[PDB]
2 protein chains.
Amino acid sequence: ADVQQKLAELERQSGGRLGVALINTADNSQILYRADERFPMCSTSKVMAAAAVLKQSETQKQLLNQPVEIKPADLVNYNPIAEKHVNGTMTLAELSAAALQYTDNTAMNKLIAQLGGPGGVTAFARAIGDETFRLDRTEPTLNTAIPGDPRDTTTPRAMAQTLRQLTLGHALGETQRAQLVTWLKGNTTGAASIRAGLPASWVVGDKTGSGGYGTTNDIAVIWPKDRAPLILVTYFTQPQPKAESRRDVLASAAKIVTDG
Amino acid sequence: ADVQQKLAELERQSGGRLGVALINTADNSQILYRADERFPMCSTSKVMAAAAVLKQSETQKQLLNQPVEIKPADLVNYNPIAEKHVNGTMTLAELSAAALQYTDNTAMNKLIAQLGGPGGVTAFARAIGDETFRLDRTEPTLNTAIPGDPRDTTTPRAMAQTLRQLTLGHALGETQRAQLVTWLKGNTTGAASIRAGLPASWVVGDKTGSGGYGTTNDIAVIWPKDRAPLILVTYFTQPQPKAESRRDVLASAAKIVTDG
Ligand SMILES: *C(=O)/C=C/N[C@@H](C(=O)O)C(C)(C)S(=O)O
Ligand SMILES: *C(=O)/C=C/N[C@@H](C(=O)O)C(C)(C)S(=O)O
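Each chain is numbered from 1 in the order of its written sequence, a scheme that can depart from the entry numbering, and any residue without coordinates is omitted. Each chain takes a letter, starting from A, and each ligand takes a number, starting from 1, following the order in which they are written. Calculated side-chain values reflect all of the structure's heavy atoms, with hydrogen atoms and water omitted.

**Student:** Got a minute to help me understand the overall build of chain A in this structure?
**Tutor:** Of regular secondary structure, chain A possesses eight helices and nine strands. On the principal axes, the C-alpha backbone points of chain A span a range of 55 × 40 × 35 Å. Across the 260 residues in chain A, those meeting the buried criterion constitute 58%. Here a residue-residue contact requires only that any non-hydrogen atoms of the pair lie within 4.5 Å. At a minimum sequence separation of 6, the contacts of chain A that also span at least 24 residues come to 62%. All accessibility values rest on the Shrake-Rupley procedure with a 1.4 Å probe; residue burial counts only the protein chains present in the view. By element, 48% of the accessible surface of chain A is carried by carbon and sulfur atoms, the whole surface being about 10400 Å². Where helices and strands are cited, they refer to DSSP runs of H or I of at least four residues and of E of at least two residues respectively, numbered from the N terminus. Relative accessible area decides the class of each residue, using a 1.4 Å probe on protein chains only: under 20% of the type maximum gives buried, over 50% gives exposed, and in between gives partly exposed.

Set out below in structure tokens:
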């Protein structure tokens, strides 16, 4: 029984390029497949941006309650939460929840702007020891996912490490760490992705992403039953510009790497 | 015609029974498939229980804030939220969110006890004009889903009509209808079911269900992009006790009934 064989078979049969990094926090062990290749993050980058604003809030203690104007011109495909508040305001906490738990691209843009642009999200990544991540565009163009383009990419291994530090480690202050985890656990978009490959009894927080080239991503923190948590990154992208999403590939990869 | 033939084709390759009821609120049109047969509700019954508690909160002011004790003996499969509060408390708002947005079966049992048992949830259904719904057992046994058993069943037609009345109609007070819709839109478990058959721009609130006999259910309110909402019930059950879940079949049914 061979995890590399299974992942290579999934990838080949899918017609795409699959990247996987698992961290088992029980013993610091990893399962890696194309873990040092760059992939387009798409909306999985919203974790870094929300965590950056959380970090800000450790020193601007009322920042999460700050109202932010939502104008009709701010609407970008998709905006299921912000469209309801156009011509009004949303707080940075509401925006962070919207960006994380829903598909909300306008909410992401407000986080980016709060951080002073894409470079602000990259600067946070650098501050917490992630030298791989880069954010260079706003929404929606950060999702173009063109093959060979390094913009708005990271590697599975780096993002697994970062997500571990953010959700289980000490990148954030305790309240901010707990907030992030509460938001990820309340994600609405994830049941077809990593979670579909796992036993139903396991608890998952996750952020999904999807863009050009059939790019289909998920990053997750997982609590198996009375076991130590796992961090799992599954990235996937395809050769055709308009390929269909493949959440089932991410599910299949999550089952392969957690079986046993 | 086209639709009916396609649903039958789907059903014939699915290895089970399929029940569908779509209400298009633009014109009150319906698309029905086995819509007067009984199916096991499993966790889709949590909608009726949360709504009955919302109804109670119209007259017991502050009911949703009321803390309820969680003890070890209360834990039933699955309990992702209630487990964190064992030897502690959850408020009726937290138990309603827990039951709606996650898998949590302990949270449902507390809603049922707040209503005076399974029969109190059936009484509420009757109070809002549903003469079909019938809750007869607590969690987890209400999910046995044995073929032929009338316990804990409804029909697609009745459930679609009830969900319309609850979410879009006047079965509840306006503040409480809005709370129900907010909870449903925040479901975490739905992305592989009805939602997986719909365009990504459409906004969905939904409640899934699973149980014995490979029972795989979803009931949803759907807001297509700048169109009047849809109600969709998709129920599915299989002939062998230990059959696997078929969320894909629900997604496929949703795509068939909305393609027109
Ligand atoms: C987060 O991952 C957001 C992705 N957005 C894109 C998608 O494919 O879902 C679009 C197309 C909505 S965005 O216009 O790039
Ligand atoms: C809601 O629909 C919950 C159903 N629960 C069951 C499932 O199939 O997920 C179990 C098996 C967890 S419960 O013990 O019946």
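**Student:** How should the sheet that holds strand 1 (residues 17-24) of chain A be read in this particular structure?
**Tutor:** In sheet architecture, strand pairing relies on hydrogen bonds along the backbone and comes in two forms, parallel and antiparallel. All names here are of chain A. Note on pairing: DSSP must find at least two bridges between two strands before they are called paired. The strand order across the open sheet built from five strands is 2-1-9-8-7, with neighbouring strands paired in antiparallel fashion. In the strand order of this sheet, the two ends are held by strand 2 (29-33) and strand 7 (203-210), each with one partner. When strand polarity is set aside, the average angle formed by the axes of neighbouring strands in this sheet is 5 degrees. Bridging between strand 1 and strand 9 (residues 230-237) involves eight bridges; their strand directions are antiparallel. Each bridged residue has a counterpart across the sheet, and for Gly 19 the counterpart in strand 9 is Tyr 235. The sheet strands contacting helix 1 (residues 3-14) are strand 1, strand 2 and strand 9, and the helix crosses strand 2 at an angle near 30 degrees. Note on geometry: axes are C-alpha line fits, over the in-contact stretch for helices, and angles between N-to-C directions span 0 to 180 degrees. Across the sheet, helix 8 (residues 247-258) touches strand 1, strand 2, strand 7, strand 8 (216-223) and strand 9, and the angle it forms with strand 9 is around 140 degrees.

**Student:** How do you make sense of the packing of helix 1 (residues 2-14) of chain B against helix 8 (residues 247-258) of chain B when you look at a structure like this?
**Tutor:** Between two packed helices, what matters for the description is the angle formed by their axes and the separation of those axes. Residues and elements named next belong to chain B. Across the interface, helix 1 lies against helix 8 with an axial gap of 10 Å and an inter-helix angle of 170 degrees. Classified by the angle between their axes, helix 1 and helix 8 sit roughly antiparallel to one another. Contacts between helix 1 and helix 8 involve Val 3, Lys 6, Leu 7, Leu 10 and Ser 14 on the former and, on the latter, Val 249, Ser 252, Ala 253, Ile 256 and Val 257. With respect to orientation, any angle under 35 degrees is reported as roughly parallel, any angle over 145 as roughly antiparallel, any angle of 65 to 115 as roughly perpendicular, and every other angle as oblique.

**Student:** Before we go on, may I ask you to explain the site of ligand 2 in this structure?
**Tutor:** Residues and elements named next belong to chain B. Residues are counted as near a molecule or strand when any one of their heavy atoms sits within 4 Å of it. Surveying the vicinity of ligand 2 reveals the residues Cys 42, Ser 43, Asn 77, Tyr 78, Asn 105, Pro 140, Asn 143, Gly 209, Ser 210 and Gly 211. We call two N or O atoms a polar contact when they sit within 3.5 Å, provided that within protein one can donate a hydrogen and the other can accept it, with sequence-adjacent residues counted only if both atoms are side-chain atoms. Separating an oxygen atom of ligand 2 from a side-chain N or O atom of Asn 143 is a distance of 3.2 Å. Taking 390 Å² as the accessible area of ligand 2 by itself, protein coverage stands at 78%. If you tally residues by element for the shell around ligand 2, the top one is strand 7 (residues 203-211), at three residues. Polarity classes work like this: nonpolar for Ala, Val, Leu, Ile, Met, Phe, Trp, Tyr, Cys and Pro, charged for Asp, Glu, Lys and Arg, and polar for all others, with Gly in that last group. Class assignment for the residues of the shell around ligand 2 results in three nonpolar, seven polar and no charged.

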